[PDB]
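Structure provided below as structure tokens; questions to follow.
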Amino acid sequence: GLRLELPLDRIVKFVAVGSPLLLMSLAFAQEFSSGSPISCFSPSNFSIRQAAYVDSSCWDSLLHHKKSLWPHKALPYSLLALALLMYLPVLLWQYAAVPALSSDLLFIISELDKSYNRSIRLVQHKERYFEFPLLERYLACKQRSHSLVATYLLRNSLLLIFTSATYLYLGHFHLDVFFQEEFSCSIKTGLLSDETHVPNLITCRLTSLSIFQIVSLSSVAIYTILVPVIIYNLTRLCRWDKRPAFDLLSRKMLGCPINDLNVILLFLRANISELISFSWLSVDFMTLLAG
Amino acid sequence: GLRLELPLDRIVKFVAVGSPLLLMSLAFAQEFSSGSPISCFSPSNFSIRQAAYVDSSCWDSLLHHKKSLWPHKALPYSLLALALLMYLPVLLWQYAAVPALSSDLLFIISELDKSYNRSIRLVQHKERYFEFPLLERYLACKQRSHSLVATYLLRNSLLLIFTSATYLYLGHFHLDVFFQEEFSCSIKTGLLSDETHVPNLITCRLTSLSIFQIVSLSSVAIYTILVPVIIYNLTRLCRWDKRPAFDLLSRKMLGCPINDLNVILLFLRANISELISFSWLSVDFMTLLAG
Amino acid sequence: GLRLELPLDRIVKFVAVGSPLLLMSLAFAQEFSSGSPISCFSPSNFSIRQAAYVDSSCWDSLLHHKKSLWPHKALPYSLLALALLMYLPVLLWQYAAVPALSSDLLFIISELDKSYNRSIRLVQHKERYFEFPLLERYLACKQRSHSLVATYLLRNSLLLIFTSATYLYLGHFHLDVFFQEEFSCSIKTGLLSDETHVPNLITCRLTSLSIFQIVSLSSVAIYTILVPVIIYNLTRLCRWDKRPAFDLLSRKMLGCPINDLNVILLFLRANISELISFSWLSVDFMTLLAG
Amino acid sequence: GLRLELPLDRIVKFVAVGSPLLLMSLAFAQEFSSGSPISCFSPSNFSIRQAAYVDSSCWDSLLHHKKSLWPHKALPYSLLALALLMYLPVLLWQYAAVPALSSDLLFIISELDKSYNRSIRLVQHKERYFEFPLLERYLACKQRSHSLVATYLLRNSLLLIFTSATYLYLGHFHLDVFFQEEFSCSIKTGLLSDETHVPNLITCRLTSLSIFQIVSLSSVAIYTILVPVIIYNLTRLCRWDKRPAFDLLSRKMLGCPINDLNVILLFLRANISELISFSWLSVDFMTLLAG
Amino acid sequence: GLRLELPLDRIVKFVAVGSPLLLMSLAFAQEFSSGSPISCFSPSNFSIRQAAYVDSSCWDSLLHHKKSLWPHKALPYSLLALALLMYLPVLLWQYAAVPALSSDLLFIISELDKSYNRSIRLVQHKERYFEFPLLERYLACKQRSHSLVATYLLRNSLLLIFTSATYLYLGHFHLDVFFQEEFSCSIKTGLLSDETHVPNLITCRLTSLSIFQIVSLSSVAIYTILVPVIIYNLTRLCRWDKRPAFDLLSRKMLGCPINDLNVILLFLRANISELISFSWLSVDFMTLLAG
Amino acid sequence: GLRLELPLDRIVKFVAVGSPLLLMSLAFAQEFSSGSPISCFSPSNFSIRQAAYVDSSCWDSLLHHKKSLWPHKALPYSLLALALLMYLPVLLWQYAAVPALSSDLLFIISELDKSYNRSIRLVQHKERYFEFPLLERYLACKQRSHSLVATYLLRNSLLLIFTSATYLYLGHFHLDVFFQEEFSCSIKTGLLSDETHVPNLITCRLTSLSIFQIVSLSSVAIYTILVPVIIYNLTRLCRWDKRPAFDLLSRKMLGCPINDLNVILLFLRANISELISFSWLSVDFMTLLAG
Amino acid sequence: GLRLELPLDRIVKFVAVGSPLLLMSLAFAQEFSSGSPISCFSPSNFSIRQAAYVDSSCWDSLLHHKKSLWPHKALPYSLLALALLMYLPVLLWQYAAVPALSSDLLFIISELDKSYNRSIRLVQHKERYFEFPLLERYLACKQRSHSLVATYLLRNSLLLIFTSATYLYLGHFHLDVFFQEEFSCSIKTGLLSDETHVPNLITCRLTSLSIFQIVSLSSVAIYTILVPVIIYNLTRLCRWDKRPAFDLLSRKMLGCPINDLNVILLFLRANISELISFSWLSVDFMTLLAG
């Protein structure tokens, strides 16, 4: 029943994955309802099937003559790609960091409990500093590594990079097609030319500009909101974490803070409820700890 | 099986989250049924496709010429945003207050049970005042804090602020479009101008004014009803809570009532059924307590 | 596995909550099927879209000129409100009476079982009257209260009040629109006036008068049926309830019958199967009770 | 795991409740499919909307001029009412007879098992007649009552009464509208009069006469079949039921057969598998019973 | 975990009940899809609604003038009735034979196991013939009865009778309407007569003759296949069943084979896996049985 | 948790049953979508209903005049019949072979384990050849039988026969209608003759030739692939199976290989994981087997 | 609870199987929505049914005259075949390698645990090299085999081969039909010729070119991404795997690396968490291992 993810990262992943899916569903469920996502004012003597042909041709082309409006067609697929892009760092953390850290937390929790139990017999009263050789050798070995701190940094770095990519994509493509609801589509380009019945230019109107605007604005707003929490999570480990065995923990509590020790200390602090935290909530001393 | 939420707050959160979703579903399920949410009286010689083009264009524009009716289009999305705004304080309370308070309740419950068991042997008859040092040191440490009382106040403060925001939004936007069921829409503004067939102004009628009025009135009524219960919950802790170990509880029962002691006392009173409340329901005395 | 609700109240709540929902579903499921809930005999030269505009406008207005038929539009929503109005007393009883009464029943059941077990050793043969001080002090304390009897009365009072409100609403609004299946609707009131093509008055017919009549009659009938059972439940406690420990129960069996003793006695009688009711089904005596 | 209902009554209740629901579903699922349940031969120059108006008006009126065909409209609702009418006696038996009889069966089963166990020690060989005072006093008390036999009779009486009511309703209303598939409907009665375009009389045809005939015939047939089993169940207890402790049972096996003893004897016989029925299947004697 | 039904009867009941339901679903799911199950070649000047009226009238009448085609309309209901007719014998066997036979099998299995255990102590080496008085008295009592063999015969007899009824119905009604896909329907019989516009006779074509033919042929084929297995099951008990305690079984293995002994012997043989069948699979002898 | 089916036969049955169902669903789900499965080029002056009549008549007839195209109509039903034809051998194996073989495997497994346990005490060191009389008598009795080997052969024989039947049906019927997408249908054969308006011959086109071709080709390909695995399974037992107790197994390992011994040996080899296969994976010797 | 698949192969199989199904669903769900997947500009005097006939005929033919566009019709079926082609290697690995390897891992894990337990008693201080004869004989027997390494290589080889086949198919067929949205279809080839009304050539346009392009590009991209991980998995075993009993493991750690030893070593390393890995996470020595 161990908890292997910080509470903030859980809600960050949930929001970042869920929101593009919700926006994509809000766009799929409207164009199926309204029918065609584009209308065209065909001439009066175009019967019925020729009007449908004009509609389909202008929707397929999507090129304003008098310049290109391709983002309208590729909205839900581009939104769906964002879901996979957000889900990739979660998969990386799931399949690259949690197996080692799970064992590293279980072992340290068990031996911390054992050390507390051993110190209990000393409480009811110095062969204590050397009494835990494992807690010094193992912790010195892990402090010199750089194994999974890199993955923890890189997950947030990837999330920030993809957020910046979304910013660039939106601000470079969707901005130039705002407030553009109609365009002059043409079909007299290929073999249909040299045929006098069909007019030269046909006006057509997009029927889903509101969905486009709402999706763009909402996505920009939420992915703006989601940046400070990400940078806070990234910068959380930069400052040194401070709250018998805890004395030995504080003994090697110094130096550059970029190790594997900081992440396991953070996960230990976030999982303090597993071990006996009776004395943790009450922040002489031996008399109080006697009970 | 501990209960970590007051019964009143449960129903308040349930109502405040559920009702905008129900109203939004009552609006989605009608415009899909009736087809277009707006009709237009196109001229007789407009064939079929041109009438649909006029309908779609006037629905997209939604601007009365002879002034703007944008709330009609943005009703379900604005209602959906209210659901997230209501759900945010619940998330804050879930992820910021309940972990510490759960441990603080478990510890106090266990040691209260232990103290009652110890006093039982004294019942069947003064080393009793000093017999519980933890119940004095821990309770004095928590009484000097201000940790989670701020969150408890801020949840209700946020709910009140968002209710006021809903009031302002409704009374500033929806009021000026009541009793307005039809408008003169125009399409001869862009490239469609200088074309004599289409008339200058086309009358159009909204087919969902009843849903608009009903949703607005119902939402105003329910969020009016939900205010006194919120202010009662906020003001509940302002008055000091009054009902061996309970004597020590009453001993430090004084001073300014804004501490972390008041909230844990309220949760203890609301969870009296966990411990032995045999003597609680019967509100000399030692002879009665002997059984 | 305690039973905390009388069997009659269960079926009363089930009927009173379920029936408006069933009637509302019988009205939603028909107007979605038949299409428009109102038809209009537009002139022959009105094309197609103008007829739909006339239909929508007359349905939105719903005002007979040659007086108002608004109950037809607001039938399912008014029926849905009745469901919440019926559900409110159930919520009140669930969140205001059952927690105290559950403990009060558990304690009395356990101590009744203990007293029966103690009297068993006296059966196989006067320090018996004073042998149960708790059963006298606790029962005298509860007999002087007025705590949850008020809630039990007020639940049925609220149900009766809401039934009377439904009576008044139906008999004051739905009665004047019976046998009215068609009306002369007009659209030439606003900007559509001074336009000679549209006629002055257009006949329209309601296509759901049968559903209206059936719903009204059925609701009146069932809420007429549901009144005598409610008044019987309310008047049940007015008469004093009569069927070692039961001798002490009969000892304080007198006085004004409006206490908290009557309701707990009723719940004890309705939950006689929990304790040992071997002698209850066989209604000298010590010889029979020896087995 | 006690069985509290006779096998015949189970299938009777299942058939009587299920069949009207099945017939109602066979009528709902057809008129939604075919569209309108009535067609009308409007004149050729009635455009499109006027034909729909004529259809809806004639369906709402449903009055043959050259006399009333209201059963066609009220078929599924009248069938649905039969489901509740059939379900009411089941509810009465569930909430009025089974709680007392459950305890009365459990007690008699347990003490019968105890008596058999006591007689076992006498088998391996007269203080036996007086050895079971409870089996005589309790059984004499129950034989003088009339408590739940009245409910058992009244359930079948109510079922028979409602079957007779269904017979009367069908044979008094549905018989006069058989072989009537078309009628002359009129709409020129109210304000539509003094208008020369609409003809005086319009022929209309019912499109669901086959469903009407099939439902009527099937319901009559099944509720004819269901009567002899009901009367057999009612008359089952009139004849006295005949198959140490069973000798005492046979000792008071006489007199008028209308008591509470007959019903509990029937339920005991139908639940013979609960106790040790090893000797029941083998229908000197002590030597055989020794094993 | 006893098995109370022969494997062959299980598949027979499954096929006989499932197949009419499958055929009925294959007919419901096609006429809902294709729309109307009958088309009519109305004249050119019949507008739109008059053609629908002609279609509905000819479908309702279904009477060839120049003789009756009623089986086409009543196909799915007649197929549904066959499901209940097939299910009735299963209900009879479930509610009339299995309760007695279950106890009769449990008792004989337990005492057979006991006898085998007793003979085990004699194996490791004549007070054996009289050692099982119950196995002789009980088996002689059951051999003289005729209780449930009649039900076992009557179930298969009813299945055969209903198969013959299906044969007669199909071969007497469906045969005369094969290769008949169109007919001359008339509507000028009632009040529509003396009206010159509608022609005297209108040709109409059935659009579901293929479904009719396929259903008829398939049903005939499968219910032909299902007869030999039924007659084999019926004739199975006519021949005497042959494979310490089994010696006593063979001792009364003679006489007329129509008893209750044959059916319980068949069920014992079909449930040989319940008891110790170690020696059954190996079909001197005492030396082999020693292990 | 015994495994009673070879892994190859599992996938063979899964493929052979699933694939016709998948192909049938790929044909049902297309003709419901496209509407009519056949179109006809009716003349210009045929109104609307006469065109539908022509379509339905030509689809029902399906007879090219200038020869018969009946396989197009009977594709999904003929595909559905193949599912039952494939499922029949699985039912035969389930209800005719597995009950005897299950017991025969359980007994041999248990006694093999017992023999291994007995030989264990001899390992840690000739009364061993005669030490297992059952393993010789029972195995000699089963080797002389021919009971369930016939069923095992006949299942694969039936599968091969039905595959050959499918080959013959496809290659004899579907081959002559390939590359035939249109035909000249006629309706002027019966009473519609001697009527000048309808032309003599009407061209019609099949709209589902692609589905026909794809289904035919895919089915031929997969049932070609499925033949070598079937013949391998059939020929598997023809060669003698070769890998204290296993010495006795090898002792009677000779003669004609068509017995019941081969199938139980195959199932034993396929279920080697049930017993102790510690020495099986390591393929002097007594020293190695000591551990 | 053993893990029998490498984590990388799990995600590879998941992606390779899921993605063609997702792409196929993205193509099925669009052409059902838009209606026909192809439109045609029929002449004005073609009524309604002739236009539908032209549409269906041109969709069935799909042959540009002025060369063949068959990939458009066969997109979802060709995508569905890829799912089975990807699933086949997973089935091969499931039914050909995992049963032997499961036992081979269980045995080695159990005996490794036993050896560690035996060495524990030697830790707390040379009959150790010969102390594990099984770990040498069994491991030498498996090192000389080539049984399941071939299957492990062949699974990835098959995946690479099918990826190359997909590359060839796409680049040889889909490339020549890009940027081709319309074609000149003809119907005047068969019996419809010599008929002057229908024109010689009819222009038609594909309405699903965007789906075609998106599916092709996306599939190419993802199956390009999936190649380096496959080749990494294939090349993983080529390099020798390096990290009392582990000394014996290192003793035969040499030679050509193509054996069955490498795969079981890889699976042991990937399943290190099953056994006691307390000393694994802490990478003199005996003093540290004493705890």
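Each chain gets a letter, A, B, C, D, E, F and G, in the order it is written, and its residues are counted from 1.
By definition in this document, a residue touches a chain if its C-beta (ideal position, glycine included) is under 8 Å from a C-beta of that chain, and two chains touch if they have at least 3 such contacts.
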| item | value |
| --- | --- |
| Neighbouring chains shared between subunit B and subunit D, ordered by label | C |
| Distance from subunit F to subunit D - Cα centre to Cα centre, in angstrom | 49 |
| Inter-centroid spacing, subunit F versus subunit C (mean Cα positions, whole Å) | 61 |
| Euclidean distance of C-alpha centroids - subunit D vs subunit E, Å | 27 |
| Where subunit B touches two or more other chains, by residue | 48 |
| Ring walk, subunit D to subunit E and onward | D, E, F, G, A, B, C |
| Complex interface listing, subunit C residues touching subunit D | 7, 11, 33, 39-42, 44, 46, 48, 51, 181-182, 184, 203, 205-207, 209-210, 214, 273, 277-278, 281-283, 287-288, 291 |
| Touching residues (chain side subunit D, partner subunit C) in the complex | 32, 45, 47-50, 52-53, 56-57, 59-60, 73-74, 77, 91, 95, 99, 103-104, 107, 133-134, 137-138, 141, 190-192 |
